[PDB]
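File shown here: query-v8.txt, holding compact mmCIF, C-alpha atoms.
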```txt
# COMPACT_ATOMS: atom_id res chain seq x y z
CA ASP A 59 8.94 -7.55 -2.89
CA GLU A 60 9.52 -4.57 -0.42
CA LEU A 61 6.15 -2.73 -0.91
CA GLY A 62 4.09 -6.01 -0.63
CA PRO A 63 5.45 -6.22 2.92
CA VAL A 64 3.19 -3.09 3.40
CA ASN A 65 5.12 -1.49 6.27
CA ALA A 66 5.08 2.00 7.80
CA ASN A 67 6.68 3.19 11.08
CA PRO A 68 4.73 6.43 11.90
CA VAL A 69 6.15 9.70 13.27
CA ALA A 70 4.78 10.83 16.67
CA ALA A 71 7.96 11.26 18.82
CA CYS A 72 10.34 14.13 19.51
CA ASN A 73 12.73 14.57 16.53
CA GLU A 74 15.19 14.85 19.02
CA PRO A 75 14.07 18.30 18.10
CA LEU A 76 15.18 21.40 20.04
CA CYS A 77 18.79 20.22 20.37
CA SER A 78 18.79 20.59 16.52
CA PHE A 79 17.67 24.33 16.67
CA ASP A 80 19.44 27.46 18.09
CA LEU A 81 18.30 29.00 21.43
CA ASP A 82 17.62 32.61 20.27
CA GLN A 83 15.16 31.08 17.68
CA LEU A 84 12.94 29.76 20.57
CA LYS A 85 10.10 31.92 22.05
CA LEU A 86 8.50 31.62 25.53
CA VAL A 87 4.72 30.99 25.08
CA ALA A 88 3.63 30.46 28.69
CA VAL A 89 4.56 29.07 32.15
CA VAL A 90 2.67 26.54 34.32
CA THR A 91 3.19 26.26 38.13
CA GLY A 92 1.66 23.91 40.72
CA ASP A 93 2.46 20.97 43.05
CA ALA A 94 4.08 19.02 40.13
CA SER A 95 6.90 21.74 40.13
CA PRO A 96 7.12 24.81 37.76
CA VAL A 97 7.37 24.13 33.98
CA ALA A 98 8.04 26.53 31.06
CA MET A 99 6.33 26.30 27.61
CA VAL A 100 8.38 27.36 24.53
CA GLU A 101 7.81 27.67 20.72
CA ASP A 102 10.14 26.44 17.89
CA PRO A 103 10.97 28.48 14.72
CA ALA A 104 8.99 25.54 13.18
CA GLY A 105 5.93 26.59 15.36
CA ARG A 106 5.88 23.47 17.63
CA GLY A 107 5.13 23.88 21.37
CA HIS A 108 7.43 22.19 23.97
CA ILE A 109 7.38 21.86 27.78
CA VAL A 110 10.67 21.99 29.78
CA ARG A 111 11.51 22.45 33.50
CA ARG A 112 14.40 23.07 35.95
CA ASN A 113 17.27 20.55 35.28
CA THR A 114 16.07 19.81 31.65
CA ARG A 115 17.66 21.18 28.40
CA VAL B 170 1.90 12.49 -22.28
CA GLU B 171 -1.78 13.13 -23.26
CA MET B 172 -1.32 10.69 -26.08
CA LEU B 173 -2.66 8.61 -23.19
CA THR B 174 -6.15 7.53 -22.26
CA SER B 175 -7.02 8.41 -18.69
CA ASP B 176 -8.49 6.62 -15.65
CA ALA B 177 -7.24 4.34 -12.84
CA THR B 178 -10.37 3.02 -11.07
CA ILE B 179 -12.45 0.03 -12.17
CA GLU B 180 -13.34 -3.63 -11.48
CA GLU B 181 -11.35 -6.36 -13.21
CA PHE B 182 -11.99 -9.94 -14.39
CA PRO B 183 -9.05 -12.11 -15.49
CA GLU B 184 -8.76 -13.26 -19.08
CA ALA B 185 -5.14 -14.40 -19.23
CA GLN B 186 -2.32 -14.15 -16.73
CA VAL B 187 1.43 -14.73 -16.47
CA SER B 188 2.70 -12.84 -13.44
CA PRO B 189 0.91 -14.17 -10.32
CA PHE B 190 1.92 -10.89 -8.75
CA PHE B 191 0.44 -8.50 -11.30
CA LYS B 192 -3.15 -7.69 -12.25
CA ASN B 193 -2.93 -5.53 -15.36
CA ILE B 194 -6.27 -3.93 -16.12
CA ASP B 195 -5.64 -3.53 -19.89
CA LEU B 196 -3.32 -1.99 -22.46
CA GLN B 197 -5.18 1.28 -22.06
CA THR B 198 -3.86 2.65 -25.35
CA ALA B 199 -1.20 2.27 -28.03
CA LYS B 200 -0.34 4.46 -31.03
CA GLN B 201 2.65 4.02 -33.34
CA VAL B 202 4.25 7.49 -33.47
CA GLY B 203 6.17 7.88 -36.73
CA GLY B 204 7.93 11.23 -36.41
CA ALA B 205 8.95 13.67 -39.12
CA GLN B 206 11.84 14.81 -41.30
CA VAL B 207 13.50 16.24 -38.18
CA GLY B 208 13.72 12.76 -36.65
CA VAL B 209 12.20 9.38 -35.78
CA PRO B 210 10.66 7.48 -33.02
CA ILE B 211 8.58 5.09 -35.21
CA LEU B 212 7.91 3.10 -32.03
CA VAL B 213 4.52 2.28 -30.49
CA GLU B 214 3.66 4.68 -27.69
CA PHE B 215 1.39 3.03 -25.12
CA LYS B 216 -0.30 3.25 -21.72
CA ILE B 217 -1.10 0.57 -19.12
CA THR B 218 -2.45 0.57 -15.56
CA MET B 219 -1.77 -2.36 -13.25
CA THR B 220 -2.51 -3.17 -9.61
CA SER B 221 0.37 -5.34 -8.26
CA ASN B 222 0.03 -7.87 -5.43
CA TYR B 223 0.47 -7.69 -1.66
CA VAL C 114 8.01 -25.94 -2.23
CA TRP C 115 4.27 -25.99 -2.51
CA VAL C 116 1.27 -23.86 -1.71
CA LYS C 117 1.39 -20.27 -0.54
CA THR C 118 -0.89 -18.66 2.07
CA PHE C 119 -3.19 -19.97 4.82
CA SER C 120 -5.76 -17.88 6.71
CA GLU C 121 -8.62 -19.15 8.88
CA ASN C 122 -11.55 -17.90 10.94
CA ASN C 123 -12.57 -20.99 13.01
CA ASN C 124 -15.37 -21.72 10.52
CA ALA C 125 -13.62 -21.62 7.15
CA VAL C 126 -10.07 -21.44 5.81
CA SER C 127 -9.31 -19.28 2.76
CA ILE C 128 -6.10 -20.71 1.36
CA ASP C 129 -3.76 -19.56 -1.42
CA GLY C 130 -1.64 -22.03 -3.34
CA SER C 131 0.24 -23.41 -6.33
CA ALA C 132 0.26 -26.89 -7.88
CA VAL C 133 2.04 -28.75 -10.66
CA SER C 134 -0.64 -28.69 -13.36
CA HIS C 135 -4.27 -29.53 -14.15
CA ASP C 136 -3.50 -32.82 -12.38
CA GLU C 137 -2.17 -32.31 -8.84
CA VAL C 138 -4.57 -29.42 -8.35
CA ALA C 139 -7.21 -31.89 -9.54
CA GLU C 140 -5.92 -34.52 -7.12
CA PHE C 141 -5.95 -31.93 -4.32
CA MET C 142 -9.39 -30.58 -5.22
CA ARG C 143 -10.77 -34.12 -5.46
CA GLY C 144 -9.35 -34.99 -2.03
CA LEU C 145 -11.64 -32.29 -0.60
CA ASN C 146 -15.04 -31.49 -2.10
CA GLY C 147 -16.93 -30.00 -5.04
CA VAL C 148 -19.93 -27.72 -4.62
CA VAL C 149 -22.54 -25.69 -6.50
CA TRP C 150 -22.28 -22.35 -4.70
CA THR C 151 -25.06 -19.80 -5.03
CA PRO C 152 -25.99 -16.59 -3.09
CA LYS C 153 -22.71 -14.90 -2.20
CA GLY C 154 -22.48 -12.15 0.40
CA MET C 155 -20.05 -9.29 -0.14
CA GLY C 156 -18.09 -8.20 2.92
CA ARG C 157 -15.50 -5.62 3.94
CA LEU C 158 -12.72 -8.20 3.78
CA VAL C 159 -13.16 -8.56 0.01
CA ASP C 160 -12.53 -4.84 -0.46
CA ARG C 161 -9.60 -5.04 1.96
CA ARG C 162 -8.20 -7.55 -0.53
CA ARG C 163 -8.94 -5.12 -3.37
CA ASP C 164 -7.38 -2.39 -1.21
CA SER C 165 -4.27 -4.59 -0.65
CA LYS C 166 -4.90 -3.64 2.98
CA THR C 167 -4.84 -7.31 4.12
CA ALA C 168 -1.62 -8.80 2.87
CA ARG C 169 -2.20 -11.53 0.25
```
Written as structure tokens, how would this file's structure read?
Amino acid sequence: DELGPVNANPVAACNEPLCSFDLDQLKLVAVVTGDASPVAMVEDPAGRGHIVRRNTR
Amino acid sequence: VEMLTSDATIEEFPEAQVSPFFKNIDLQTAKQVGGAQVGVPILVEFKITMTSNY
Amino acid sequence: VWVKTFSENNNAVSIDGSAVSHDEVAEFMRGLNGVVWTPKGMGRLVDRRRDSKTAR
């Protein structure tokens, strides 16, 4: 009666992820810079890549 | 419990039915396990595979 | 209180139902038609019914 309504709501979003992990666990992978303003790229202790820029958290 | 026959993939034709929601393939096996002097079950162990509905 | 599912394709409707007995399903089936069907074609919707992938 709940499975026969065959229903899944897939994961693809942010988990709201890095605000659940401590800052000294995160490692700077790379930096990008161009007309779209400078942006940093950083790695989780879970091995995900993220992209963050001036004014973000 | 490898009292059990195996399998879970086949093509089914209905003989009798009672649950409109359940397509049981067959009572795959059943063996009355008696036990010993240390203790009983005496019951009938069995195995069934069934594709539901939905 | 009736018959269950209805699903069409602008050429045929493949319905799913429930009736009182060998009588009202006979009244309903008489009200339509009765046919000797022969060479059936198997299509990916059948297996999607076997897969449960199309809800029925």
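Residue nearest chain C, chosen from A:64, A:104, A:96, A:81 and counting only C-alpha atoms: A:64.
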Shell around stretch 119-125 of chain C at 12 Å using only C-alpha atoms, local window under 3 positions removed, as a PyMOL selection string: chain C and resi 116+128-130+167-169
Hey, can you spit out that residue selection with C-alpha atoms as an mmCIF file, in the frame of the given file?
```cif
data_model
loop_
_atom_site.group_PDB
_atom_site.id
_atom_site.type_symbol
_atom_site.label_atom_id
_atom_site.label_comp_id
_atom_site.auth_asym_id
_atom_site.auth_seq_id
_atom_site.Cartn_x
_atom_site.Cartn_y
_atom_site.Cartn_z
ATOM 1 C CA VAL C 116 1.270 -23.860 -1.710
ATOM 2 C CA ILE C 128 -6.100 -20.710 1.360
ATOM 3 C CA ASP C 129 -3.760 -19.560 -1.420
ATOM 4 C CA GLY C 130 -1.640 -22.030 -3.340
ATOM 5 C CA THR C 167 -4.840 -7.310 4.120
ATOM 6 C CA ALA C 168 -1.620 -8.800 2.870
ATOM 7 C CA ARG C 169 -2.200 -11.530 0.250
#
```
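In this structure, atom CA of residue C:155 sits 26.7 Å away from atom CA of residue C:138.
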Contact set, chain A to chain B: 8 Å, only C-alpha atoms, as a PyMOL selection string: chain A and resi 61-64
Protein/DNA/RNA residues near (3.6, 27.3, 26.3), cut 6 Å, only C-alpha atoms, as a PyMOL selection string: chain A and resi 87-88+99-100
Interatomic distance, atom CA of residue B:212 to atom CA of residue B:195 (Å, one decimal):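 Separating atom CA of residue B:212 from atom CA of residue B:195 is a distance of 19.4 Å.
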Residues near residue B:194, cut-off 7 Å, only C-alpha atoms, skip fewer than 5 positions along chain, as a PyMOL selection string: chain B and resi 181+218-219
Spatial neighbours of residue A:98, 10 Å, all atoms listed in the file, chain gap at least 4 places, as a list in words: residues 86, 87, 88, 89, 90, 91, 108, 109, 110, 111 and 112 of chain A
Atom CA of residue B:186 to atom CA of residue C:151, distance in Å rounded to a single decimal: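 Taking atom CA of residue B:186 as the start and atom CA of residue C:151 as the end point, the length is 26.2 Å.
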All residues 12 Å or closer to residue B:204, all atoms listed in the file, same chain fewer than 6 positions away omitted, as a PyMOL selection string: chain B and resi 210-214
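The closest residue to chain C, picked from B:208, B:192, B:217, B:199 and counting only C-alpha atoms, is B:192.
Closest approach to chain C from the set A:107, A:113, A:78, A:65 is made by A:65, with distances taken over all atoms listed in the file.
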